[PDB]
Amino acid sequence: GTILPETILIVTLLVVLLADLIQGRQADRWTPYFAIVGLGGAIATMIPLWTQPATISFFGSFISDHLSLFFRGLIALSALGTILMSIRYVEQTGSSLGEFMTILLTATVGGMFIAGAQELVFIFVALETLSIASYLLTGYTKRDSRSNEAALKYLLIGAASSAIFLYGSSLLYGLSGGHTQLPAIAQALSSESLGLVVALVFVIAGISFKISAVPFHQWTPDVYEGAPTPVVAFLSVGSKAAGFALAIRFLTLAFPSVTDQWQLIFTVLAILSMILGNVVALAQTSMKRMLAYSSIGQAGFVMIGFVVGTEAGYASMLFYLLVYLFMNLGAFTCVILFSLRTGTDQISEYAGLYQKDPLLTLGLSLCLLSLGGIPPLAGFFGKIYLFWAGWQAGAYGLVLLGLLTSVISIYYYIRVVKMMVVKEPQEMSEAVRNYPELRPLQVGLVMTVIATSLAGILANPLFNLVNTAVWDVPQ
Amino acid sequence: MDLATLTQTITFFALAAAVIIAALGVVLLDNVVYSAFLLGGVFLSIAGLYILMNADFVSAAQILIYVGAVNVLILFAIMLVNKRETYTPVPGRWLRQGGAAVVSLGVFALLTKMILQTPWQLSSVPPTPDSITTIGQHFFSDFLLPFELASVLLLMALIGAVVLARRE
Amino acid sequence: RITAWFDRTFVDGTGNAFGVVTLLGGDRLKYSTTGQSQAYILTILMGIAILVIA
Amino acid sequence: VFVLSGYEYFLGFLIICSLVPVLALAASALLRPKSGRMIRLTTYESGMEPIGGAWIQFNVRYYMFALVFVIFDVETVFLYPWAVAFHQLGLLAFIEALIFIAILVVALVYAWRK
Amino acid sequence: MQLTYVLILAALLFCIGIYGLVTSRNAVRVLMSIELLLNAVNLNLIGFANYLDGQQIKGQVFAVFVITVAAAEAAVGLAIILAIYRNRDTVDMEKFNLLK
Ligand SMILES: CCCCCCCCCCCCCCCC(=O)OC[C@H](CO[C@@H]1O[C@H](CS(=O)(=O)O)[C@@H](O)[C@H](O)[C@H]1O)OC(=O)CCCCCCCCCCCCCCC
Ligand SMILES: CCCCCCCCCCCCCCCCCC(=O)O[C@@H](COC(=O)CCCCCCCCCCCCCCC)COP(=O)(O)OC[C@H](O)CO
């Protein structure tokens, strides 16, 4: 029934099969394309049903409003940016590329389904589809012990988080008679009880694991060091996209907004995220771990968009979640491009890169400064909109903490640009002293870098988009 | 106040005692294979508890999957990883053990208060006996997205597990 | 000779202490990521049953 | 409440069938020679002595053959209510079940190709 | 045999599975504890379906899906454990700590 909203997913699904059968027959294949083409077709399939029809439901089990299309396109674009980086990376490792892109595309399908899902069973199925593929991608490079320990750790944390989320879902199904639907639960239970609070906290425990809200954060620093770096790039953009989409679709629409104790819970988690993820990130030696704690901090920033939900905090949250894509894909593409050439190492080895490779420096400094919130750049306007949507509602303390943490973040984001530019020929690191002198990697790097530098001042075209998406959130 | 209800109560409490003892054996016993078999015991007891709750199909499905597929998998893997168990005691143990114990007891007390406090809607109408045809109707009318996506889930799980457990 | 010394000690130092503290607060709080997945699950379980109390 | 008709027999018969081994094996225990302890209690190694060490040279030969079994064991559970309820469904359920079976067939081909 | 009893039993099984998931040191026992947890969830679902929603049983289909995916997650978890064992040559969960 109304399977039209699925002609965006099934396309990607077809690719999952076609980029798999070709690996069964060929085993030396060009599947990186017709996978980029698959995601391009999936995204181009949204234009016919972004504005032309109204909001539609599959069977009550799926909804295709403008917010759903926004998050689906966001996750598809994250996967498109990750496919580019991971071509020469997992090929340089003695591993296959089709059996990796099938897992990546299945994770993408799960993240795209969880965006527009509005039923307990289907929500669980999409979340678990995402989580299993995330584990498999984290433990892909099975030769390194760090990758295996990271996959084991991530699996043991995520499966427990899913068990808690499932206990919450079962409680939520039992409190409101039957009604596996989300909107049919708000109509059934409309009063705070102990069962509803317990279900709420048990759902939050499984949401915050996805969006990396502390104290549910302690896996990203150990997973970002372990996982293959393009998996980390997809995991910091697409996984947060799916988590925030599910949080909006769940908390707002299912948990009757009469029980807005989750705004208190998320104020707590956002304060704690801003404080921790930016203070501890300040003392790190590897780029991937630094980016992990940075990602925790940025999730804390985003979590002041829908904690003051006022049709402008939601728009601020969505705009920062859109800009975060360009920032982090570009900040991970340069990390991959550096660890590919010779380095394969940490921050201290970046010293002196301005002499040997200036394009990588100009591409990485732009993205780190955007993450820090430097004027005209994609991050400055994102953060300014996040902070004004927070003042305009009444959350003085949250914004006054976000600003101080933004300074703390400017410090350790510019500490890397320090190494990349300062050094004279006597202070180059041992990895740059012998720096040598892959087209998709460069054509993705250039694109994300020119996007993170122009989507700040050319922001008006993608403010109407965010607003028509926010028009769908209930209040 | 009957012979049917007396049997349905005695069997429920027997299966509950079996569940508790086997589930404590799974996690407390020092030998791991005893835990691997008491796990199948847990699964069989829960399969009985389902039958006692008018769910005859899902109990047989559990017996197929849990005590017939997942249990056999766990037994194979427990055999694959035998190295005579030279676990040296670690100092920071009583801390985490005590923390786990207290957090478990507290969460259980909280859940029990929530369960005994909330007024569930019992809806005293006898359930349906033909519980498998209804599940068949819900796979293709209501739960079509999950039924269709479970196939891709199984496929990706197979792919990734063969890749991780491969030998090369 | 007092004022300069003051500037070199009390004012400057007061502006640096903050920074130094923020360094220490990061250097001795990374140890919260202990590297033990069971500890992570304990912190996740301490998240619940506390927000449930508050 | 309990409306599952046929149950009464599965419990009683489960008891009476579990009682068969624990009764034959007890009758055998009552009437049979006592101990035979000293060297009757060794492991059969074709008459020789166990070589020592006694390991197995672990192989994934029997983890993969259980992984692939779990997959299709779940497949059959998903396919049983479709087959039992193939009357009220008719067409458009055959299409979805056929998509399901095609995905599982690609899974089997992937497992058979490696 | 009431709904409250089944729910308390499921909560207690959840408790035991959590204890085993946090305390146990071997690496397969944490997976077995995760299975105990998922069973504690399925018991809630079937109890609610039997008592509250007894005509168009919807907790039982959700339970079928939970069983399916618990099997899948076990199939993946034992693979992860075999991969980590093939390199570290142990399953002592107190030796997979590459940090300070
Ligand atoms: C109308 C029926 C009335 C009774 C029927 C009972 C049938 C079964 C039990 C037979 C009576 C003797 C049983 C005692 C148990 C025991 O073994 O004691 C130990 C002594 C061993 O002697 C002992 O040997 C002992 C050492 S040792 O352990 O045996 O090695 C030693 O301590 C001892 O001094 C020495 O005497 O053995 C016996 O007493 C009998 C054991 C073998 C008897 C087999 C009878 C076969 C009957 C089955 C066929 C019938 C068909 C169906 C009928 C329903
Ligand atoms: C795979 C390994 C095992 C996994 C699962 C194990 C778990 C066991 C399964 C649990 C079984 C469930 C509970 C059984 C229900 C008992 C009560 C009952 O079933 O009600 C029936 C009636 O219940 C009984 O009368 C049974 C009670 C006696 C059973 C006691 C066990 C018998 C023990 C052996 C016999 C001993 C006799 C001599 C004792 C002095 C209903 O009758 P009906 O089927 O005809 O339907 C219509 C009904 O007639 C009227 O409308």
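The first residue you see is number 1, and the count goes up from there.
Including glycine, each Cβ sits where the backbone N, Cα and C put it.
Positions annotated as transmembrane segment by Swiss-Prot, on the basis of sequence analysis: A:2-22, A:30-50, A:97-116, A:120-139, A:155-175, A:194-214, A:228-248, A:262-282, A:290-310, A:362-382, A:384-404, A:443-463 (among others).
Beyond its flanks by at least six residues, the transmembrane segment (A:362-382) meets 294, 298, 316, 319-320, 323-324, 326-328, 330-331, 333-335, 338, 406, 409-410, 413-414, 416-417, 420-421, 445-446, 448-449, 451-457, 459 of its own chain at Cβ-Cβ distances under 8 Å.
Between the transmembrane segment (A:228-248) and the listed ranges A:120-139, A:155-175, A:262-282, the one holding the most Cβ pairs under 8 Å is A:120-139.
The stretches the transmembrane segment (A:262-282) and the transmembrane segment (A:30-50) are not in mutual contact, being linked by fewer than three Cβ pairs under 8 Å (pairs 6 or more apart in sequence).
Highest Cβ contact count with the transmembrane segment (A:2-22) among the listed stretches A:30-50, A:97-116, A:384-404 falls to A:30-50 (criterion: pairs under 8 Å).
Taking Cβ pairs closer than 8 Å, the transmembrane segment (A:290-310) reaches residues 211-214, 217, 220-221, 223-225, 232, 236, 240, 244, 247-248, 251-252, 263, 266-267, 269-274, 276-278, 280-281, 284, 316-318, 320-321, 324, 328, 331-332, 335, 347, 371, 383, 386, 389-390, 392-395, 398-399, 402, 405, 409, 412-413, 416, 473, 475 in its own chain, all 6 or more past its ends. Within its own chain, the transmembrane segment (A:120-139) has Cβ neighbours under 8 Å at 61-62, 100, 103-104, 106-107, 109-111, 113-114, 147-148, 150-152, 154-155, 158-159, 162, 165-166, 169, 172-173, 180-182, 206, 210, 223, 226-228, 231, 234-235, 239, 242, 246, 250, counting only residues six or more beyond its boundaries.
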